[PDB]
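The next block holds one structure in the form of structure tokens; read it before the comments.
FYI, it's all coordinate maths here, none of it is from the lab. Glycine gets a Cβ as well: all are built from the backbone with ideal geometry, and neighbour counts include every protein chain shown.
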Amino acid sequence: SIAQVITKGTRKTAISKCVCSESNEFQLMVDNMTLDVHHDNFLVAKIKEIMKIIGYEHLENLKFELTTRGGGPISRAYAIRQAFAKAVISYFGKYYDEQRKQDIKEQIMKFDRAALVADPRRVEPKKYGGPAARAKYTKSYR
Amino acid sequence: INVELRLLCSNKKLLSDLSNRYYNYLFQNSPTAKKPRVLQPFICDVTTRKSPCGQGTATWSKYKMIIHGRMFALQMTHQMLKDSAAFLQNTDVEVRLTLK
Amino acid sequence: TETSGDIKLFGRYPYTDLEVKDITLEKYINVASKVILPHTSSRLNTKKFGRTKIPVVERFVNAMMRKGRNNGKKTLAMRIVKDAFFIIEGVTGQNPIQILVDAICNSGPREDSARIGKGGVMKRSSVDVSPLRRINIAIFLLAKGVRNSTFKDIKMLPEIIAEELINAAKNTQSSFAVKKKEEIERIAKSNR
Amino acid sequence: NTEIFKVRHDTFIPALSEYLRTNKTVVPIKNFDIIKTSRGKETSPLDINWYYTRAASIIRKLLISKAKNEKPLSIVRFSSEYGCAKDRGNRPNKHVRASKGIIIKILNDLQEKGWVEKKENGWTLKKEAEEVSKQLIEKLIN
Amino acid sequence: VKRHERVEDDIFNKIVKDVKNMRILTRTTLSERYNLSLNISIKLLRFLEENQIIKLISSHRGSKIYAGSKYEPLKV
Amino acid sequence: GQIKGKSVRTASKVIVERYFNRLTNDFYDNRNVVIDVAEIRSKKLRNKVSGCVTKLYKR
Amino acid sequence: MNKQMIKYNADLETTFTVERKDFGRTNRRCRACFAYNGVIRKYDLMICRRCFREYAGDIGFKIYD
Amino acid sequence: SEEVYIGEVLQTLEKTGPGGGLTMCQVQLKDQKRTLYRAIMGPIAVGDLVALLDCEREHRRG
RNA sequence: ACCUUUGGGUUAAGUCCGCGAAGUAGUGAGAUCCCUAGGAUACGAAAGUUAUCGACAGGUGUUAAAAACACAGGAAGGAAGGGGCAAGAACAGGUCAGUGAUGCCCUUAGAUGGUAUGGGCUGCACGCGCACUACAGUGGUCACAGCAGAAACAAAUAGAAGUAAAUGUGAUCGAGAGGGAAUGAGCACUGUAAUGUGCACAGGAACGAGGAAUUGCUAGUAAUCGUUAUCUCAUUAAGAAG
Ligand SMILES: [Zn+2]
């Protein structure tokens with residue numbers, strides 16, 4: 001069987017799954033579109049950001065497919081970025097020596113912890129006597 | 001061969017006790033025994049104003065009734081199904097059966 | 001797509017060899033943190049000086065989501081500033097980033113007016129501003145000048161951003177933000 | 001292979017539109033020049049050939065549906081795909097469907113040309129309609 | 001006075017002489033220096049970018065930016 | 001406000017006088033000892049007791 | 001009850017029958033107190049908001065959150 | 001005209017003014033013996049550098 | 001008759017630390033649930049689900065005690081966040097139009113009790129409270145894509161309830177081409193009945209950012225944007241509750 005790992009990344013109500021695999025060539029697909037065809041540039045910027053703090057020689061000989069559901073356009077890009085980030089570390093730990101995993105992890109942790117850990121942040125429930133989570137309806141006197 | 005037994009109940013402690021009792025029965029017979037599957041609880045809810053008239057600050061309450069449930073899927077012969085069904089009575093838990 | 005090198009702002013701008021050029025401001029202006037896109041969700045606002053660690057152009061786009069109707073439209077703000085950097089980089093000839101830095105340096109008022117009198121009537125007096133408040137006011141004025149200028153004028157908003165920022169960096173009377181910095185300092189002196 | 005995803009939608013929809021018109025495979029509804037696409041729209045389309053852009057985009061919906069192996073597409077599904085937000089004076093805007101008559105006519109035109117086959121629970125492609133698309137893409141990417 | 005819906009010959013002639021030595025130029029400049037409407041500043045600007053007299057440097061959504069003969073970019 | 005409350009400080013004070021030699025500078029030892037000796041019905045309480053007891057033991 | 005009404009066609013000679021649909025307050029009276037207002041119709045209850053709150057704990061509803 | 005003196009804050013003392021907006025501070029000038037008492041209104045940390053318009057005007061109450 | 005004694009520090013809280021003619025136990029707080037976030041070694045061969053675990057001001061730094069910040073690691077850090085429950089005493093506070101809960105007074109076949117057909121509650125000189133669309137270009141219009149909380153959708157040749165919308169790309173329009181109020185001859189739907197709702201063609205009012213005053217809101221908060229297989233509901237949401 002071909003060398004593979006699977007990871008999950010979360011932001012708000014968006015969930016994404018990344019599968020990572022051995023390849024003769026570096027390849028990346030999101031929503032079945034390559035980076036040079038995909039229609040939202042915020043997603044493409046957030047991908048090429050994380051791909052540059054990780055060295056290009058660490059993403060060599062490797063393939064990625066990203067799938068996602070839930071949330072919305074900004075939140076899914078961060079969800080995807082975590083799923084991508086965790087795949088490389090997972091693969092290095094499983095299929096190479098563990099020093100290279102540790103090295104890569106120091107670089108990502110120096111850049112942005114939120115690439116490898118998920119924010120527990122969610123919308124707060126509405127209470128009665130106001131339009132939203134904390135705002136109150138207008139009191140009057142005279 | 002197969003049976004699926006649904007224990008359905010609007011009280012958690014009862015369903016926990018009765019399932020532990022039935023799990024013990026399964027492991028004492030030892031037919032390759034297993035835990036029950038914990039089901040998604042059904043939740044029916046109502047939201048209403050507290051005051052019986054319009055006066056005061058409008059204060060609201062949400063009442064919700066929770067119907068817990070647990071499923072056993074199990075392997076038995078027809079005699080053991082017929083004989084064990086004597087266990088399935090005098091409970092506040094409602095009990096239902098499926099077979100193939 | 002465009003590059004396989006090191007991290008540059010909008011994938012275009014150098015992100016190195018940057019000087020603050022006022023020692024009173026040094027610790028409070030983040031031009032360290034290499035980010036491809038002026039967007040982060042980093043949860044620093046729930047901290048004691050965490051809003052001083054947010055990167056510079058980030059603070060600058062947040063300032064645009066205003067006038068009520070544009071609340072929450074952070075993508076729109078990024079679209080706007082991207083274009084402004086193209087106009088400025090062209091016009092000035094230097095990293096748009098050093099224009100933005102120098103705009104802040106000039107546009108913060110150094111002395112201010114305040115009520116001091118406690119045990120009686122409240123009498124106004126001059127007072128001296130902290131480093132942090134000085135930069136907070138600079139962004140505010142630069143933003144307020146831009147917004148009100150564009151309201152019912154045919155010119156494009158990204159163009160108005162380039163007009164103001166150049167002038168501000170160059171300390172010219174032409175900037176709304178610079179003029180109003182002079183006014184506050186003159187009134188402060190009047191009440192000295 | 002899922003050949004359709006290899007080219008950008010805003011190059012494919014305009015490309016097929018010419019191949020349609022030069023062979024007249026679909027014929028305009030009566031009064032196409034003054035009718036609106038929905039009750040949610042403010043004015044009739046700015047391009048006189050809007051009917052052909054509909055035909056080109058309908059075959060795209062079907063190609064990707066076939067690619068992902070979904071259930072067949074219904075007249076209701078297409079009506080919600082092309083829907084929009086209707087203006088209502090002094091009231092919030094509200095989501096409204098596209099008009100069915102245009103879509104029905106396109107699907108019946110494509111049936112007569114042998115391009116679309118009616119199933120018991122929706123509409124589906126046919127070999128000729130797949131091969132036209134295949135042979136277009138093979139030039140268009142090169 | 002209101003704006004205009006023609007570029008007459010003598011306005012056309014002097015615009016060619018004026019567009020050289022200008023740096024970045026945009027729809028507004030033609031419409032706020034000279035008296036042209038936005039609908040005739042687009043058409044003239046698009047014409048000069050086919051004639052190689054100006055060059056386009058951005059066109060993102062409807063926001064569209066051009067450069068003349070004394071533009072010069074940054075260098076690494 | 002992170003103040004311990006009356007029963008938590010009382011049980012803390014009694015246990016250190018009753019079992020002193022059994023206790024150490026370590027939170028986990030002290031948590032093991034209060035899990036062993038006490039009737040306390042929630043981990044929420046015994047986390048707070050062993051917190052105060054290891055705060056006393058230094059002083 | 002589903003009541004029925006006669007109606008005449010345009011000839012004022014031929015007759016047909018039509019059924020009155022049961023709708024509105026008239027048949028949805030509170031099962032505890034005959035009230036016509038504030039009746040909770042959900043889960044096939046037919047009980048007013050006043051009566052509900054005194055009986056809710058007997059039926060088996062609780063305020064968890 | 002742009003006269004200015006740069007001074008280093010050594011201590012902070014009291015939250016002051018209506019609503020507690022100001023902070024009483026001790027400042028030493030960088031190129032002179034002078035040490036002053038002043039009110040400052042932004043957030044201030046010890047070891048900050050502040051720019052003064054006068055080296056003399058003082059808040060004697062300290 | 002009454003007081004338990006010198007009122008010094010801390011917390012959300014007589015919550016606590018000192019000292020005492022006082023000392024010992026309890027209620028209230030607190031602790032004690034439930035939901036939301038992380039966690040298989042358990043279960044399944046389907047690819048998820050659930051979980052007795054995890055955080056204590058613990059660590060470092062702040063030189064009586066009690067607490068505290070500021071950093072740091074951490075899915076979570078000072079009451080982890082949000083709800084829910086919740087002393088004693090009071091008030092001539094509200095409801096007799098919720099109640100086969102109820103005292104006392106009043107009416108009771110020409111009824112102050114029921115029913116039916118109609119009319120009103122919806123009238124219009126005028127003063128007030130709370131909401132909805134606005135006053136444009138950070139806009140209008142045309143097409144095309146495309147994403148929620150998750151999963152339900154006969155048919156329809158102009159058009160006559162439904163699976164987001166903001167939003168993303170290209171065109172277009174150009175400073176009352178913004179705005180849709182009063183009104184005409186129609187074309188359909190719900191209904192026992194249109195007076196209610198939908199659709200097409202017109203028509204095109206004020207309003208160009210609001211005096212004295214005044215109302216909430218500390219983070220996934222405020223404001224924006226849609227949506228309700230939530231409640232009202234034959235048909236009717238510009239209301240609440242999510
Ligand atoms: Zn009732």
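Quick rundown of the values:
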| item | result |
| --- | --- |
| Long-range neighbours under 8 Å by Cβ, at least six apart or interchain, first residue under 13 Å from D:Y51 (Cβ atoms) and away from chain A (no Cβ under 14 Å) within segment D:7-27, second among the hydroxyl-bearing types (S, T, Y) and surrounded by 12 or more Cβ atoms within 10 Å (Cβ to Cβ) | D:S17/D:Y52; D:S17/D:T53; D:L20/D:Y52; D:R21/D:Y52; D:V26/D:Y51; D:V26/D:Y52 |
| Residues (away from chain H (no Cβ under 13 Å), out of contact with any strand residue (DSSP E or B) (no Cβ under 8 Å at 6 or more places or on another chain) and in a loop (DSSP other than H, G, I, E, B)) located in segment C:129-181 | C:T150, C:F151, C:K152, C:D153, C:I154, C:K155, C:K170, C:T172, C:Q173, C:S174, C:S175 |
| Residue count, segment G:32-43 (criterion: loosely packed, with under 14 Cβ neighbours inside 10 Å and away from chain B (no Cβ under 11 Å)) | 4 |
| Listing of strands (runs of 3 or more DSSP E) fully contained in segment D:53-142 that carry 1 or more residues being out of contact with any helix residue (DSSP H, G or I) (no Cβ under 7 Å at 6 or more places or on another chain) and within 30 Å of D:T43 (Cβ to Cβ) | D:84-86, D:94-96 |
| Tally, over segment D:10-28, of residues that are within 12 Å of RNA strand I (Cβ to nearest atom) and surrounded by fewer than 15 Cβ atoms within 10 Å (Cβ to Cβ) | 4 |
| Hits in segment C:59-70 (condition: farther than 17 Å from C:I160 by Cα and surrounded by 17 or more Cβ atoms within 10 Å (Cβ to Cβ)) | C:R59 |
| Test: residue in segment E:58-72 that is surrounded by fewer than 16 Cβ atoms within 10 Å (Cβ to Cβ), touching a strand residue (DSSP E or B) at 6+ places or on another chain (Cβ under 9 Å) and basic (K, R) | no |
| Segment C:44-58, residues that are of a type outside the set (A, V, I, L, M, F, W, C), surrounded by 12 or more Cβ atoms within 10 Å (Cβ to Cβ) and over 21 Å from C:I97 (Cα atoms) | C:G50 |
| Positions within segment G:1-42 being within 16 Å of the ligand (Cβ to nearest atom) and of a type in the set (F, W, Y), in sequence order | G:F34, G:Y36 |
| Residue that is farthest from the other protein chains (Cβ to nearest Cβ), among those in segment C:110-128 that are touching a residue at least 60 places away in the same chain (Cβ under 8 Å) and among the charged types (D, E, K, R) | C:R124 |
| When residues of segment D:78-90 are limited to those that are surrounded by 12 or more Cβ atoms within 10 Å (Cβ to Cβ) and more than 6 Å from RNA strand I (Cβ to nearest atom), the one nearest to the other protein chains (Cβ to nearest Cβ) | D:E81 |
| Count - residues of segment E:1-44 that are in contact with a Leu (Cβ under 9 Å, 6 or more places away or on another chain) and assigned to a loop (DSSP other than H, G, I, E, B) | 4 |
| Subset of segment G:1-46 (residues that are within 8 Å of RNA strand I (Cβ to nearest atom) and farther than 30 Å from B:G54 by Cβ) | G:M5, G:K7, G:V18, G:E19, G:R20, G:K21 |
| In segment H:13-47, the residues that are assigned to a loop (DSSP other than H, G, I, E, B), more than 7 Å from chain C (Cβ to nearest Cβ) and in contact with a strand residue (DSSP E or B) (Cβ under 9 Å, 6 or more places away or on another chain) | H:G19, H:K30, H:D31, H:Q32, H:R34, H:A45, H:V46, H:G47 |
| Listing of strands (runs of 3 or more DSSP E) fully contained in segment A:1-73 that carry 1 or more residues being of a type in the set (S, T, Y) and under 12 Å from the mean Cα position of the chain (by Cα) | A:4-11, A:14-22, A:62-69 |
| Considering residues of segment A:30-52 that are under 24 Å from C:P38 (Cα atoms) and more than 13 Å from chain C (Cβ to nearest Cβ) only, the residue nearest to RNA strand I (Cβ to nearest atom) | A:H39 |
| Segment G:27-46 residues that are on the phi > 0 side of the Ramachandran plot, paired with ones that are more than 11 Å from the ligand (Cβ to nearest atom) (beta carbon under 8 Å, 6 or more apart) | G:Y43/B:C44; G:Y43/B:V46 |
| Residue under evaluation G:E54, criteria (1) within 30 Å of B:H68 (Cβ to Cβ); (2) within 6 Å of RNA strand I (Cβ to nearest atom); (3) in a loop (DSSP other than H, G, I, E, B), criterion not met | (3) |
| Segment B:35-54, residues that are in a loop (DSSP other than H, G, I, E, B), out of contact with any helix residue (DSSP H, G or I) (no Cβ under 7 Å at 6 or more places or on another chain) and either hydrophobic (A, V, I, L, M, F, W, C) or within 14 Å of another protein chain (Cβ to nearest Cβ) (or both) | B:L39, B:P41, B:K50, B:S51, B:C53, B:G54 |
| Per-region count, segment G:44-58, residues loosely packed, with under 12 Cβ neighbours inside 10 Å, over 21 Å from G:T26 (Cβ atoms) and more than 12 Å from the ligand (Cβ to nearest atom) | 2 |
| Count of residues meeting criterion [touching a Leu at 6+ places or on another chain (Cβ under 7 Å), outside any helix (DSSP H, G or I) and closer than 28 Å to C:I184 by Cα] in segment C:73-109 | 0 |
| Count of segment B:55-84 residues which are of a type in the set (G, A, S) and surrounded by fewer than 13 Cβ atoms within 10 Å (Cβ to Cβ) | 3 |
| Residues satisfying the stated conditions in segment H:48-62, i.e. more than 7 Å from chain C (Cβ to nearest Cβ) and of a type in the set (K, R) | H:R60, H:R61 |
| Residue count for segment D:94-127, restricted to those that are loosely packed, with under 11 Cβ neighbours inside 10 Å and either in contact with a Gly (Cβ under 8 Å, 6 or more places away or on another chain) or of a type in the set (S, T, Y) (or both) | 1 |
| Count of segment C:1-38 residues which are of a type in the set (S, T, Y) and within 14 Å of chain A (Cβ to nearest Cβ) | 6 |
| Yes/no for C:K53 being more than 30 Å from A:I54 (Cβ to Cβ), within 14 Å of chain A (Cβ to nearest Cβ) and either within 13 Å of RNA strand I (Cβ to nearest atom) or touching a residue at least 12 places away in the same chain (Cβ under 8 Å) (or both) | no |
| Check on A:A45, in contact with a strand residue (DSSP E or B) (Cβ under 6 Å, 6 or more places away or on another chain) and either touching a residue at least 40 places away in the same chain (Cβ under 8 Å) or on the phi < 0 side of the Ramachandran plot (or both) | no |
| Answer residue from segment C:4-37, given it is among the aliphatic types (A, V, I, L, M) and without any contact (Cβ under 8 Å) to a residue 40 or more places away in the chain and is nearest to C:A169 (Cα to Cα) among those | C:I23 |
